[PDB]
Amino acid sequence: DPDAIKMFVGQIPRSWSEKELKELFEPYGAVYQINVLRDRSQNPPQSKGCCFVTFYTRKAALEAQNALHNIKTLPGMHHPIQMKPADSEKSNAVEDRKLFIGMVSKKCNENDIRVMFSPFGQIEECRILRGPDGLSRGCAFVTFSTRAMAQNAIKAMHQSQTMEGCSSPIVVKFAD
């Protein structure tokens, strides 16, 4: 129950409650919890035609999705069930690991940055913001695998040095 994946499901009839939904999902594995997305803006509160299903096992979720997503169609819907891991399940977010690197020497490239930031973690992707058909814009984006990696790269290398052609010491901060 530590690797479970909450699944967003869509296009289910608005008349269906947790009962019918549970009856739908249980053939694919045991269900820990299930909740219809409700609208309480006005009376009576109504279903949003979607729900969250939380299986006990990861296997149950992956399989249920594999056999339901774009396959199954509920009475009486015009479109197949849509099913995907829920937004609340995003333990890892690139936006919280991506590091903006300003005041980079215009001469530098991808690898030149890569070697500079290698000791603090493992790079997912390394890029040089540049152009449009000009040269480098003196700055780069760098994604680290963990987040603590980036939080190390910052403390260790923010304004650690001034590079070639640059007016101010290098900046290392989380991307906006």
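In this text, residue numbers run from 1 along the sequence as written.
Using only the Cα atoms and their B-factors as the entry lists them, report which of 119-127 and 60-68 averages higher. Result: 119-127.
What stretch has the higher average Cα B-factor here, 107-115 or 22-30? According to the entry, 107-115 carries the higher average C-alpha B-factor.
Using the entry's values, work out which of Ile101, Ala86, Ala93, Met77 has the largest Cα B factor. Out of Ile101, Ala86, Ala93, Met77, the record gives the largest C-alpha B-factor to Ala93.
Could you place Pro45 in the lowest, middle or highest third of its chain by Cα temperature factor, using the values in the record? Middle third - that is where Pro45 ends up once the chain's C-alpha B-factors are sorted.
Using the B-factors in the PDB entry, rank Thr54's C-alpha atom against the chain and give the third, lowest, middle or highest. Lowest third of the chain for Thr54's C-alpha B-factor.
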